[PDB]
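K.L.:
Next one to model:
(7 chains)
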Amino acid sequence: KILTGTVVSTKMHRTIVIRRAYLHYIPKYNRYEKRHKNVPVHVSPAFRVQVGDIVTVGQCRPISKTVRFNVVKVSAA
Amino acid sequence: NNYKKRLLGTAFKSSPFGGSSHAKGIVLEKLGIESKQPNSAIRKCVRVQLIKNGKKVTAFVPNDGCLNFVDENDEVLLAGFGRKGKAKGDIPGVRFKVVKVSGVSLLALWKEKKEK
RNA sequence: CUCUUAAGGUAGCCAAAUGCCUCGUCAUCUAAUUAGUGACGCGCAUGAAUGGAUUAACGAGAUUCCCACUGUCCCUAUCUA
RNA sequence: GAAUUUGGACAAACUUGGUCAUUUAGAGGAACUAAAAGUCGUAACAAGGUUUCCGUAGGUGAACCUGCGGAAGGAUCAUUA
RNA sequence: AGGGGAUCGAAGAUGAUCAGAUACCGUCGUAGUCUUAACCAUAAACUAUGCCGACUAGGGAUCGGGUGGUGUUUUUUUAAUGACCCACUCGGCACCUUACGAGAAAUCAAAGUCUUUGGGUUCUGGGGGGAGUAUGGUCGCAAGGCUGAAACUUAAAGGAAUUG
RNA sequence: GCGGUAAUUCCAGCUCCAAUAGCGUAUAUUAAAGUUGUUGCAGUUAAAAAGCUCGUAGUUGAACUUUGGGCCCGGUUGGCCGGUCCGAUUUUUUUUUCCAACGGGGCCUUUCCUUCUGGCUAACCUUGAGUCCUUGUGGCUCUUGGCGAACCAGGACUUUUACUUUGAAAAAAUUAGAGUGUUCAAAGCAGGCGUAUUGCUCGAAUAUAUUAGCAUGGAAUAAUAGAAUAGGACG
RNA sequence: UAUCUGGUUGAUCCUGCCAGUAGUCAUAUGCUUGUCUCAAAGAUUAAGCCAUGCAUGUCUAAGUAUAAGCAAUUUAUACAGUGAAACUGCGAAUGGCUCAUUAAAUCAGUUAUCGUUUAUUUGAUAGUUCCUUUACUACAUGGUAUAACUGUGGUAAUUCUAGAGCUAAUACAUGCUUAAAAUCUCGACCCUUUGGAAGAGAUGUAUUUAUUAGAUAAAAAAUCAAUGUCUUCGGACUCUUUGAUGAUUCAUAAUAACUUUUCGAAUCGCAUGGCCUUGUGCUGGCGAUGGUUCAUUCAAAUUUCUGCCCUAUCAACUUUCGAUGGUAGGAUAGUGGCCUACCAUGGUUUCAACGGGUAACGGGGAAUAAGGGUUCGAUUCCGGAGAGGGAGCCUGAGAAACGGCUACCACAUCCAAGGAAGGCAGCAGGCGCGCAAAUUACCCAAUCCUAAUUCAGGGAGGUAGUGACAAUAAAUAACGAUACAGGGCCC
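P.N.:
Numbering: from 1, shown residues only, chains lettered A, B, ... in the order given. Take a look:
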């Protein structure tokens, strides 16, 4: 696919931790529900920047024990 | 979002458990209770152990002329009279309440039906 | 209610290293317990620095258990100076 | 291959101890509840016959009493209106 | 834990009082009451009423700022000013006295608004009891605090008002 | 709540009530229940403000930046058939006779829609030859110069979301619901004409597809970021 | 398909329950029980335990049958049609039963596999094998080895099984074939150099590496060292052109070499009339059993994205190597910590990690909704997972298998005491368990499935039995009548 998020954990030579940030609704009203799952970056080459900032990344092939999405281009800076 | 509260709860594990339409079980003793305040009478009930849980309970042979069972051996089926977490009851602390038996009761019947 | 001497055992505590009867009664540990331990109290005769009740740790202190270990023993036998 | 067998990786299961989660036995002990009342004493209500309740701290046959300091959810006995 | 230690005053004594007095009435008196370094973190810890902003209606009275200043004296030979002080304002305070509107009432300037959303949020309640008990974990020196059940057991307990 | 000799509640007869091939009784649950509450609760005494402030996570947070005026094509509800505004119909007559409102696209105004290379159409600037007829801007054959974004595709760049609009795609039965006399019904997905020696004939619909994904049209409400020692911004 | 009612008081208003009152997907039980059509059914209890009988096997040409001692008919002779049973080959990985675990990518919706296997139906193909250089165990066909069968035997007994003798094959081995040229590397000799040269060697496919080609967004030239094509011999190349997809090292094409070496047609059936030269040769005409490498759907596998009921008296979690990652390697059908090693500290969490609970299979959908919601889920259909517990395997295209083995733990049966067997959570049926769920029946007819060209098999499925088990209907009376009327109706 292709998604986004704000890079969470810098340190891990070739594997940014970037946080993507859902927001779900429900019945009872639905305004307050500020969910957020975190996923891993990548991984086989280099060239990039640090914590904060938002990069693209897009489903690599099962690149390492659950780290399945390499980083395309850095959208945020 | 938020917030779950009290009232009726999940945890269960009572004394007939099966929310049974009864509970088979042998007739331990024939203990005719005794009425509560206001009203007053010798409330003929029966104590018995529940084949299932074994657990022992005592309940009114409630009929009207039928300590016919009253077979220390013989085995009624008991069965609560939803109070629910309570007893009726002129009849002091009796939980469930006599059912059918020796397995087969109108409780009076076969042949005819007598009464009560 | 009483007769009564200063006062008439208070917290607390036990068959206890004090209890006569006592091998106390009920449990508990046993195949089995005049041992142990846990309980219970008109305790012969427990009790408040005569110190009362607790109590970590300490113990060549008294007891009873379990495990391991084993000639203690069943059942004695052989070897060395 | 069969025998047979060297080392391995899986890995049952055996033992012994650990750790969870779910039940459960017991001398006795101490509550409660059905409790309407039996018996002692009157705490609360009428400033309940010592106004009452709030902590907290002693002391008690039971209810309680008392000590500091609150609140009226009050005494209206009324220095103010 | 030390300092002191007037007063009163748990415990404790005795004096009356009672059928019964371990009290209530005397009177001694321990602790405590004060104090410093350290704990304890409860109260009818009250206004039994969460915090923020709105809007909804009148008058009076006591704290800072505006003006007219008038009122009597400072400053003095006098004015003025000055000091209080009077009158109209506003600010914000603590409170009082009466409509719409709210409520079960009582009452309420909110306890008001919205059919029965609606401005944003923190918190607690779900019949009585059994109980703020059982257990667990934590806090503490202790007393205790904080967290906190279920079994069972009852149909009423409970507010306000109205009359005996 | 009944029952303490005259029982409207027990017992039993008579009768009568209710539902009936079916009624109890147990036991859950769902409703009633706005007694668990977003809609939609309560909290001064009735259950319920924490003693007091601090303050992290969370949940929320003043208003300002594009309007307002003008032009152009639109069919669907409409006042009768209708491409239709001074009328072609719904009127009292021995002429004067009212047009609605709804939504959509495009373009004008100090107003780039991302795009340079340039790639088509059918639309316009408008005329080289012409025109129809109801009073020529009621109609369009026509190709000379010559519209922007439809629009394909390499090649150069893009600030990130919520929300809301149709849309696609993936299941049948389940349910909503068209169709048809299964004797009616529950169902079923059959069926229906006749003209009966190889005849004809319709079906087997639609609907809901809800969170996330994809694709879309929108720029109100709400975030996000940008030029401050200029390390702005073009060509 | 928007309703409330009765109980705290002397009477009264308010909270708040309690209790009636209705529908079940809630089963049970009590009585009662006429017909109709529709039929749920041992899951809750105990994935507790099972007597016995059943449940899976299949073949038209089909690879396999024989001269009177495999033989049921009867003449096709040098094996006839006929068959038993045996080898073959398929199948048993469907189904049907069950939800114990399970807080998960389970499952749902959406994703892709530039991250891989796939028997089988299907669409598609392949002249190069010995060549050692004509007298190549031969292509007019190449060894064998064996079941069944025969006799010879053993054991209580099982689908027991020895040893002896026979024979088969699409079985195991085996391993012949056919065209023509094309440029390649050898370079004998030419006895010229601006080079020329024969014949003799290599080839197909798969497999192993390792190399190059894969074009391209703009448009034009000088330069080596090597090396082609035409030439008017000075020079010139204007002579080509290559997909597909967003994204490639792709697919498919070569250059070197390479392997206990893959692949190519030994089988069989109709069908004996045509070409011309007399057994011949071509001809093999039609269909089918095949084998190679492509996708084809049947599928499998992993796989993104978002959703997972109570609980804080569960706040810190994960490292003895794996928990995050990096290399590199080992395995895999194949990604990857999947596993190894080496190296680095990482990854999650109050936005609820982790842990605990589930009388938890998920989702279809079920029940009572004015709406908003509660509550339910293992009957059917999808997806999962398991056949006593638990591992490990052979078989294969496909299984961690139930109706297959192997061992352990667990039950538990027949024994000549030696030893041998087993898995009803498939139908029936029993015990047990409990509140709680039927028959040891009939059948292939239907629907379909499995085996090869038939019509074989199938407690999949369908019929019956049992069963007011929830549902649709709906008789237990219909007439007027005669008179008695007690009288009510306009007085």
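K.L.:
From here on, just use CA atoms for contacts and neighbour counts.
P.N.:
OK.
K.L.:
and whichever residue of chain A sits closest to RNA strand G, what is it in contact with?
P.N.:
Residue of chain A nearest RNA strand G, by C-alpha to the nearest atom of the strand: residue A:35 (3.1 Å). Contacts here follow C-alpha atoms under 8 Å, 6 or more residues apart in numbering or on different chains; on that basis residue A:35 touches A:21, A:22, A:23, A:24.
K.L.:
From the residues you listed, which land in helices?
P.N.:
Counted as lying in helices by DSSP state H, out of the contacts of residue A:35, is not a single one.
K.L.:
center of chain A - which residue?
P.N.:
In chain A, the C-alpha nearest the mean C-alpha coordinate belongs to residue A:18, at 3.7 Å (C-alpha atoms, centre = their mean).
K.L.:
ok, now which ones touch it?
P.N.:
Residue A:18 makes contacts with A:5, A:6, A:7, A:8, A:9, A:38, A:39, A:40, A:41, A:54, A:55, as judged by C-alpha under 8 Å, 6+ apart.
K.L.:
ok, the residue nearest to it when sequence neighbours are not counted to residue B:60 distance?
P.N.:
Closest residue in space to residue A:18, ignoring its immediate chain neighbours: residue A:7 at 3.2 Å, by C-alpha to C-alpha, 6 or more residues apart in numbering or on different chains. Using C-alpha to C-alpha, to the nearest Å, residue A:7 is found at 72 Å from residue B:60.
K.L.:
which element is residue B:59 on?
P.N.:
Assigning secondary structure by DSSP states H and E places residue B:59 in strand B:54-60.
K.L.:
which residues are in contact with that strand?
P.N.:
B:15, B:25, B:43-50, B:78, B:91, B:94-98.
K.L.:
which among those end up buried?
P.N.:
B:25, B:43-50, B:78, B:91, B:94-98 (16 or more other C-alpha atoms under 10 Å in any protein chain shown).
K.L.:
now, which of the residues you listed sits nearest residue B:7?
P.N.:
Taking C-alpha to C-alpha as the measure, residue B:7 lies nearest residue B:95 of the buried ones among the contacts of strand B:54-60, at 21.4 Å.
K.L.:
The closest one in helix, strand or coil?
P.N.:
Following DSSP: H, G, I helix; E, B strand; the rest coil, the label given to residue B:95 is coil.
K.L.:
ok, it touching residue B:80?
P.N.:
Yes: in this structure residue B:95 lies within contact range of residue B:80 using C-alpha atoms under 8 Å: 6.4 Å.
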